[PDB]
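Each remark here refers to the structure printed beneath this line.
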Amino acid sequence: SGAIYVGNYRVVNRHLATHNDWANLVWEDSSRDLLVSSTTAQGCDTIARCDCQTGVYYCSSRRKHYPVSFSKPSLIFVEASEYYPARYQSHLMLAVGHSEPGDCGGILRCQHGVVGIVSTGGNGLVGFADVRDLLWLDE
Ligand SMILES: Cc1cccc(CNC(=O)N2CCC[C@H](C(N)=O)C2)c1
Ligand SMILES: [Zn+2]
C-alpha cells in the first residue's frame, strides 16, 4: 500500500484504488497501473522532473529503504494476475531489489523528488510506475 499526495491529487496504484478514489476520479490508465483522484486537503509531496536512474525506495515487506539503479520508463511484458490480463505495462522502470505484492505503493525518490511507486516485482526484481512525465500534477 501507499500513495503520493501532491497539490489536490492523490496518486495510487490503479489496482489498489478505493471506492472513494473512483468517485473522485481525475485520470486513470490501466496500461500504466496508475489512478489519480482529487483531494480536499493540500498534499505533502513534490514530483521530480528529471532523468535520474538511481534513487531510494521504501519496501514495506522489510520496513526498510533500499538504494536502486533502474531502467528508463519503458513498455515491459507483465504476466496475468488477479487484477489484469497478460499485457505490456507502459512507463515501467525495473531494478534489482526485494519486493512482494503488498509492497505496491511504496515511493521511489531521487534527490529531486518523487519518481514513482512500486507496481511489479518478483525474483529479486522491483518495478516502478513512473510519474515524472505527468506535468499536470504540479498545477
Ligand atoms: C510487487 C510484486 C512483487 C512480487 C511479485 C509480484 C507479483 N504480482 C504482480 O506482478 N502483479 C499483481 C499486482 C498488479 C501488478 C501489475 N502492475 O500488473 C501485477 C508483484
Ligand atoms: Zn532526479
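As shown in the C-alpha cells, the chain order sets the letters A, B, ...; within each chain, residues go from 1, and ligands are also counted from 1 in the order they appear.
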
### Message
Which residues are close to residue 137 of chain A, i.e. within 8 Å by only C-alpha atoms, leaving aside same-chain residues fewer than 2 positions away? Reply as a ChimeraX atom specification.
### Response
/A:6-7,9,134-135,139

Write out the residues from the selection above, keeping N, CA, C and O atoms, as a PDB file, in the first residue's frame.
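Now in out.pdb:
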```pdb
ATOM      1  N   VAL A   6       0.124  15.187  -3.854  1.00  0.00           N
ATOM      2  CA  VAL A   6       0.730  16.384  -4.407  1.00  0.00           C
ATOM      3  C   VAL A   6      -0.385  17.356  -4.795  1.00  0.00           C
ATOM      4  O   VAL A   6      -1.338  16.962  -5.457  1.00  0.00           O
ATOM      5  N   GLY A   7      -0.347  18.601  -4.294  1.00  0.00           N
ATOM      6  CA  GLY A   7      -1.403  19.568  -4.573  1.00  0.00           C
ATOM      7  C   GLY A   7      -2.757  19.018  -4.136  1.00  0.00           C
ATOM      8  O   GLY A   7      -2.843  18.443  -3.042  1.00  0.00           O
ATOM      9  N   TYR A   9      -4.152  16.322  -5.471  1.00  0.00           N
ATOM     10  CA  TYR A   9      -4.220  15.000  -6.119  1.00  0.00           C
ATOM     11  C   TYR A   9      -3.687  13.931  -5.192  1.00  0.00           C
ATOM     12  O   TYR A   9      -2.725  14.156  -4.450  1.00  0.00           O
ATOM     13  N   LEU A 134       3.997  13.262 -15.779  1.00  0.00           N
ATOM     14  CA  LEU A 134       2.640  13.813 -15.554  1.00  0.00           C
ATOM     15  C   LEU A 134       2.764  15.207 -15.063  1.00  0.00           C
ATOM     16  O   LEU A 134       2.698  15.519 -13.872  1.00  0.00           O
ATOM     17  N   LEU A 135       3.038  16.109 -16.020  1.00  0.00           N
ATOM     18  CA  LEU A 135       3.347  17.518 -15.626  1.00  0.00           C
ATOM     19  C   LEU A 135       2.204  18.233 -14.960  1.00  0.00           C
ATOM     20  O   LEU A 135       2.442  19.147 -14.137  1.00  0.00           O
ATOM     21  N   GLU A 139       0.177  21.546 -11.273  1.00  0.00           N
ATOM     22  CA  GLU A 139      -0.658  22.728 -11.477  1.00  0.00           C
ATOM     23  C   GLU A 139      -2.082  22.472 -10.974  1.00  0.00           C
ATOM     24  O   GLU A 139      -2.761  23.411 -10.547  1.00  0.00           O
TER      25      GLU A 139
END
```

### Query
Can you tell me which residues sit at most 9 Å away from ligand 1, counting only C-alpha atoms and all ligand atoms, written as number ranges by chain?
A: 13-16, 30-34, 78-89, 92, 98-105, 118-129

Based on the selection just made, write N, CA and C atoms of those residues as a compact mmCIF listing (two decimals), in the first residue's frame.
```txt
# COMPACT_ATOMS: atom_id res chain seq x y z
N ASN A 13 -1.75 3.10 -6.99
CA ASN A 13 -1.80 2.03 -7.99
C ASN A 13 -3.28 1.85 -8.39
N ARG A 14 -3.54 1.74 -9.69
CA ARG A 14 -4.94 1.59 -10.15
C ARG A 14 -5.59 0.35 -9.53
N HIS A 15 -4.83 -0.74 -9.38
CA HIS A 15 -5.41 -1.98 -8.82
C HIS A 15 -5.72 -1.89 -7.35
N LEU A 16 -5.20 -0.88 -6.65
CA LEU A 16 -5.48 -0.69 -5.22
C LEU A 16 -6.43 0.49 -4.93
N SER A 30 -4.98 1.91 -17.21
CA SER A 30 -4.74 0.51 -16.90
C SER A 30 -3.38 0.05 -17.41
N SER A 31 -2.95 0.57 -18.57
CA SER A 31 -1.66 0.12 -19.11
C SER A 31 -0.51 0.59 -18.25
N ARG A 32 -0.71 1.62 -17.38
CA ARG A 32 0.36 2.11 -16.50
C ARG A 32 0.15 1.65 -15.04
N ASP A 33 -0.96 1.03 -14.70
CA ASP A 33 -1.34 0.70 -13.32
C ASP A 33 -1.42 1.95 -12.46
N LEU A 34 -1.87 3.10 -13.02
CA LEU A 34 -2.00 4.32 -12.19
C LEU A 34 -3.45 4.84 -12.20
N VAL A 78 4.01 -7.99 -18.57
CA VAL A 78 3.66 -8.38 -17.22
C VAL A 78 2.66 -9.54 -17.33
N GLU A 79 3.00 -10.66 -16.74
CA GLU A 79 2.17 -11.87 -16.77
C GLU A 79 0.78 -11.58 -16.14
N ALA A 80 -0.26 -12.37 -16.50
CA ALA A 80 -1.59 -12.19 -15.94
C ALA A 80 -1.56 -12.29 -14.40
N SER A 81 -2.42 -11.51 -13.75
CA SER A 81 -2.60 -11.54 -12.30
C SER A 81 -4.13 -11.55 -12.05
N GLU A 82 -4.55 -11.45 -10.81
CA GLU A 82 -5.97 -11.35 -10.45
C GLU A 82 -6.55 -10.01 -10.94
N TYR A 83 -5.67 -8.99 -11.15
CA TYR A 83 -6.06 -7.64 -11.49
C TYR A 83 -6.07 -7.30 -12.95
N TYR A 84 -5.25 -7.99 -13.75
CA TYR A 84 -5.14 -7.64 -15.17
C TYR A 84 -4.85 -8.87 -15.98
N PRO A 85 -5.29 -8.91 -17.24
CA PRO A 85 -4.84 -9.99 -18.14
C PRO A 85 -3.36 -9.79 -18.46
N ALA A 86 -2.71 -10.81 -19.06
CA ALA A 86 -1.32 -10.68 -19.53
C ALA A 86 -1.28 -9.51 -20.56
N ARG A 87 -0.32 -8.58 -20.35
CA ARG A 87 -0.26 -7.37 -21.18
C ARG A 87 1.12 -6.71 -21.11
N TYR A 88 1.33 -5.66 -21.90
CA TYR A 88 2.54 -4.85 -21.74
C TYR A 88 2.14 -3.69 -20.82
N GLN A 89 2.89 -3.45 -19.78
CA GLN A 89 2.70 -2.30 -18.88
C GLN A 89 3.66 -1.23 -19.37
N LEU A 92 7.08 1.74 -17.23
CA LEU A 92 7.59 0.95 -16.11
C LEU A 92 9.12 0.96 -16.08
N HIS A 98 14.35 -6.23 -3.48
CA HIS A 98 13.29 -7.04 -2.94
C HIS A 98 11.94 -6.42 -3.09
N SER A 99 10.96 -7.20 -3.49
CA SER A 99 9.57 -6.79 -3.48
C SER A 99 8.65 -7.99 -3.43
N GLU A 100 7.47 -7.79 -2.78
CA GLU A 100 6.32 -8.67 -2.65
C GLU A 100 5.06 -7.87 -3.03
N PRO A 101 3.97 -8.56 -3.43
CA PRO A 101 2.78 -7.86 -3.97
C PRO A 101 2.25 -6.67 -3.13
N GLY A 102 2.18 -6.81 -1.81
CA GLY A 102 1.74 -5.75 -0.89
C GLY A 102 2.73 -4.59 -0.80
N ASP A 103 3.93 -4.69 -1.42
CA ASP A 103 4.83 -3.55 -1.46
C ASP A 103 4.40 -2.46 -2.47
N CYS A 104 3.38 -2.77 -3.29
CA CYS A 104 2.87 -1.79 -4.25
C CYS A 104 2.47 -0.50 -3.54
N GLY A 105 2.85 0.62 -4.10
CA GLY A 105 2.54 1.93 -3.47
C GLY A 105 3.73 2.55 -2.76
N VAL A 118 6.06 1.63 -6.41
CA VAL A 118 6.17 0.18 -6.72
C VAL A 118 4.87 -0.31 -7.38
N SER A 119 5.01 -1.10 -8.46
CA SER A 119 3.87 -1.63 -9.19
C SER A 119 4.01 -3.12 -9.53
N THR A 120 5.26 -3.62 -9.69
CA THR A 120 5.52 -5.01 -10.14
C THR A 120 6.73 -5.52 -9.37
N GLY A 121 7.06 -6.79 -9.55
CA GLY A 121 8.30 -7.31 -9.00
C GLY A 121 8.33 -8.83 -9.08
N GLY A 122 9.29 -9.38 -8.40
CA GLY A 122 9.40 -10.82 -8.17
C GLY A 122 10.80 -11.26 -8.42
N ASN A 123 11.20 -12.37 -7.82
CA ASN A 123 12.52 -13.00 -8.05
C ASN A 123 13.68 -12.05 -7.95
N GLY A 124 13.62 -11.15 -6.99
CA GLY A 124 14.70 -10.20 -6.76
C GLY A 124 14.66 -9.00 -7.68
N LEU A 125 13.48 -8.73 -8.31
CA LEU A 125 13.26 -7.54 -9.11
C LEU A 125 12.18 -6.71 -8.45
N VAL A 126 12.19 -5.40 -8.74
CA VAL A 126 11.14 -4.50 -8.30
C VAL A 126 10.90 -3.55 -9.47
N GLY A 127 9.64 -3.33 -9.82
CA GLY A 127 9.26 -2.43 -10.91
C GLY A 127 8.45 -1.25 -10.42
N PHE A 128 8.71 -0.08 -10.97
CA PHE A 128 8.09 1.17 -10.52
C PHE A 128 7.36 1.85 -11.67
N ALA A 129 6.11 2.29 -11.37
CA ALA A 129 5.38 3.09 -12.34
C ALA A 129 5.89 4.52 -12.24
```

### Query
Which residues come within 7 Å of segment 35-42 of chain A, counting only C-alpha atoms, excluding same-chain residues fewer than 3 positions away, as a PyMOL selection string?
chain A and resi 7-14+21+24-29

Give me, as a tab-separated table, each residue of chain A that comes within 9 Å of ligand 2, together with its shortest interatomic pair and the distance in Å at one decimal, counting only C-alpha atoms and all ligand atoms, with rows ordered by chain and rising residue number.
```
residue	atom	partner	partner_atom_place_in_ligand_line	distance
A:48	CA	ligand 2	1 (Zn)	5.6
A:49	CA	ligand 2	1 (Zn)	6.6
A:50	CA	ligand 2	1 (Zn)	4.8
A:51	CA	ligand 2	1 (Zn)	6.1
A:52	CA	ligand 2	1 (Zn)	4.4
A:53	CA	ligand 2	1 (Zn)	7.8
A:54	CA	ligand 2	1 (Zn)	8.0
A:55	CA	ligand 2	1 (Zn)	7.8
A:109	CA	ligand 2	1 (Zn)	7.6
A:110	CA	ligand 2	1 (Zn)	4.7
A:111	CA	ligand 2	1 (Zn)	5.3
A:112	CA	ligand 2	1 (Zn)	4.3
A:113	CA	ligand 2	1 (Zn)	6.5
A:114	CA	ligand 2	1 (Zn)	8.2
A:115	CA	ligand 2	1 (Zn)	7.4
```

#### Entry: Close residues, segment 58-60 of chain A itself excluded, 6 Å, only C-alpha atoms, min 3 positions apart in chain, as a ChimeraX atom specification
/A:63-65,103,106-107

Would you write out those residues with C-alpha atoms, as a tab-separated table (two decimals), in the first residue's frame?
```
chain	number	residue	atom	x	y	z
A	63	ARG	CA	10.33	-1.97	6.82
A	64	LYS	CA	13.42	-0.53	5.07
A	65	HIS	CA	14.58	1.80	2.33
A	103	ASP	CA	4.83	-3.55	-1.46
A	106	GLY	CA	6.00	2.32	-1.89
A	107	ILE	CA	7.63	5.52	-3.12
```

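Atom pair atom CA of residue 95 of chain A / atom CA of residue 75 of chain A has a distance of 14.4 Å (rounded to one decimal).
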
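The space between atom CA of residue 4 of chain A and atom CA of residue 93 of chain A spans 17.3 Å.
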